[PDB]
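Take a look at the structure below.
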Amino acid sequence: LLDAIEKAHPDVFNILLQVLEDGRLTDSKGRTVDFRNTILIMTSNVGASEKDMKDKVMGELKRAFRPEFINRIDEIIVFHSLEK
Amino acid sequence: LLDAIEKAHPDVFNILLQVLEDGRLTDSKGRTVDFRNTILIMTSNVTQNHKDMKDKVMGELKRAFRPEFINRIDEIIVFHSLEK
């Protein structure tokens, strides 16, 4: 569970993209750790402003960070606000 | 006790965000320290005149930093001017 990816230096996402496409990291020692059995989640409220909601949020995402990062993703999920 | 939070750069607040939300900080080396049992106080300076000033500085606060931060805090206390 990577909380609030929105607020991390846009450079820190590149490790994540290495992870998402293939499912592995390599630490300095060299042990290629295997992420391929791990349900992975990222929770960033970027459309905080506001089905058109999906459209605007996707726009703010495309602007938020690289298309390469977005392409490795299973389901972009836009949580809708709450009601009475 | 954090003093004069109006001056700190918001990244410090994005640090405290996890503290307020879940009561735990993890520093480098991975030591997870529990803020679960700490009373946390922040400062700032950002009849019904007191009420008007109250809503005024509430608005200035909402404009100050993100809403996801304000959701964490139990009380936003406004201190009325000292009277003679």
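Ligands are numbered from 1 in the order shown, chains are lettered A, B, ... in the order of the structure tokens, and residues start at 1 in each chain.
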Could you please select, counting only C-alpha atoms, the residues of chain B within 12 Å of chain A and state them as number ranges by chain? B: 10-15, 17-18, 21-22, 66-69
Generate the output file for the selected residues, N, CA and C atoms, as a compact mmCIF listing (two decimals), in the first residue's frame.
```txt
# COMPACT_ATOMS: atom_id res chain seq x y z
N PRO B 10 5.22 23.40 2.97
CA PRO B 10 4.20 22.36 3.08
C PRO B 10 4.71 20.94 3.12
N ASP B 11 5.91 20.69 2.61
CA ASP B 11 6.43 19.33 2.65
C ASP B 11 6.55 18.82 4.07
N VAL B 12 6.87 19.71 5.02
CA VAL B 12 6.86 19.30 6.42
C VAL B 12 5.48 18.80 6.81
N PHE B 13 4.44 19.45 6.31
CA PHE B 13 3.11 19.00 6.65
C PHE B 13 2.81 17.66 6.01
N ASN B 14 3.27 17.47 4.78
CA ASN B 14 3.06 16.17 4.16
C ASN B 14 3.81 15.09 4.92
N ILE B 15 4.81 15.47 5.69
CA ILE B 15 5.40 14.52 6.63
C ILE B 15 4.41 14.22 7.75
N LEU B 17 1.41 14.36 7.96
CA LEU B 17 0.11 13.89 7.55
C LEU B 17 -0.12 12.46 8.00
N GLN B 18 0.88 11.61 7.82
CA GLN B 18 0.76 10.24 8.29
C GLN B 18 0.68 10.17 9.81
N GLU B 21 -2.81 10.95 10.76
CA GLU B 21 -3.80 10.00 10.28
C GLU B 21 -3.75 8.70 11.06
N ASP B 22 -2.57 8.13 11.21
CA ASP B 22 -2.42 6.79 11.76
C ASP B 22 -1.57 6.74 13.02
N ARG B 66 -3.57 22.03 2.10
CA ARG B 66 -4.49 21.10 1.49
C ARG B 66 -5.62 20.71 2.44
N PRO B 67 -6.74 20.23 1.89
CA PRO B 67 -7.83 19.76 2.76
C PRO B 67 -7.55 18.41 3.40
N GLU B 68 -6.82 17.54 2.70
CA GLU B 68 -6.48 16.24 3.26
C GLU B 68 -5.70 16.38 4.55
N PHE B 69 -5.06 17.53 4.75
CA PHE B 69 -4.41 17.80 6.02
C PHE B 69 -5.43 18.17 7.08
```
Please identify all polymer residues within 12 Å of residue 83 (chain B), counting only C-alpha atoms, omitting same-chain residues fewer than 2 positions from it, and present them as a PyMOL selection string. chain B and resi 47+50+79-81
Backbone-only DSSP, alpha helix (DSSP H) members of chain B, as number ranges by chain: B: 10-22, 48-64, 67-70
Test item, strand (DSSP E or B) assignment across chain B, answer as a ChimeraX atom specification: /B:2,24-26,32-34,42
May I have the selected residues written with N, CA and C atoms, as a compact mmCIF listing (two decimals), in the first residue's frame?
```txt
# COMPACT_ATOMS: atom_id res chain seq x y z
N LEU B 2 4.58 22.19 17.64
CA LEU B 2 5.19 22.79 16.47
C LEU B 2 4.83 24.26 16.44
N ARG B 24 1.75 7.01 13.48
CA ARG B 24 3.02 6.31 13.37
C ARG B 24 3.88 6.99 12.33
N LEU B 25 5.15 7.20 12.67
CA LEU B 25 6.17 7.67 11.75
C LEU B 25 7.22 6.59 11.58
N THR B 26 7.73 6.47 10.37
CA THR B 26 8.86 5.60 10.09
C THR B 26 10.00 6.44 9.53
N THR B 32 9.84 2.30 13.10
CA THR B 32 8.49 2.84 13.17
C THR B 32 8.24 3.29 14.60
N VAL B 33 8.02 4.58 14.79
CA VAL B 33 7.78 5.14 16.11
C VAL B 33 6.31 5.51 16.23
N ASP B 34 5.73 5.23 17.39
CA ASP B 34 4.29 5.37 17.56
C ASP B 34 3.99 6.72 18.18
N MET B 42 -0.14 22.38 17.34
CA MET B 42 0.47 23.23 16.34
C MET B 42 0.04 24.67 16.58
```
Near region 29-44 of chain A, counting only C-alpha atoms, which residues have an atom at most 8 Å away, once you skip same-chain residues fewer than 6 positions from it, shown as a ChimeraX atom specification? /A:1-6,19,22-23
Written file, previous selection with N, CA and C atoms, as a PDB file, in the first residue's frame:
```
ATOM      1  N   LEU A   1       0.846  -1.185   0.000  1.00  0.00           N
ATOM      2  CA  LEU A   1       0.000   0.000   0.000  1.00  0.00           C
ATOM      3  C   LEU A   1       0.881   1.234   0.000  1.00  0.00           C
ATOM      4  N   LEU A   2       0.962   1.905  -1.136  1.00  0.00           N
ATOM      5  CA  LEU A   2       1.756   3.119  -1.272  1.00  0.00           C
ATOM      6  C   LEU A   2       0.807   4.288  -1.100  1.00  0.00           C
ATOM      7  N   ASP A   3       0.825   4.906   0.071  1.00  0.00           N
ATOM      8  CA  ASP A   3      -0.130   5.962   0.358  1.00  0.00           C
ATOM      9  C   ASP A   3       0.310   7.280  -0.242  1.00  0.00           C
ATOM     10  N   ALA A   4      -0.607   7.927  -0.946  1.00  0.00           N
ATOM     11  CA  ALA A   4      -0.402   9.270  -1.456  1.00  0.00           C
ATOM     12  C   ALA A   4       0.828   9.338  -2.357  1.00  0.00           C
ATOM     13  N   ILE A   5       0.784   8.587  -3.455  1.00  0.00           N
ATOM     14  CA  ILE A   5       1.867   8.702  -4.420  1.00  0.00           C
ATOM     15  C   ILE A   5       1.933  10.108  -4.976  1.00  0.00           C
ATOM     16  N   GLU A   6       0.805  10.804  -5.016  1.00  0.00           N
ATOM     17  CA  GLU A   6       0.779  12.170  -5.517  1.00  0.00           C
ATOM     18  C   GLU A   6       1.918  13.002  -4.944  1.00  0.00           C
ATOM     19  N   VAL A  19       8.868  -1.903 -11.305  1.00  0.00           N
ATOM     20  CA  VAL A  19       8.134  -2.920 -10.556  1.00  0.00           C
ATOM     21  C   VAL A  19       6.891  -3.367 -11.310  1.00  0.00           C
ATOM     22  N   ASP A  22       7.252  -5.659 -14.885  1.00  0.00           N
ATOM     23  CA  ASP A  22       7.815  -6.997 -14.797  1.00  0.00           C
ATOM     24  C   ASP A  22       7.647  -7.629 -13.431  1.00  0.00           C
ATOM     25  N   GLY A  23       7.592  -6.849 -12.371  1.00  0.00           N
ATOM     26  CA  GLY A  23       7.328  -7.394 -11.069  1.00  0.00           C
ATOM     27  C   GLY A  23       8.539  -7.693 -10.232  1.00  0.00           C
TER      28      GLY A  23
END
```
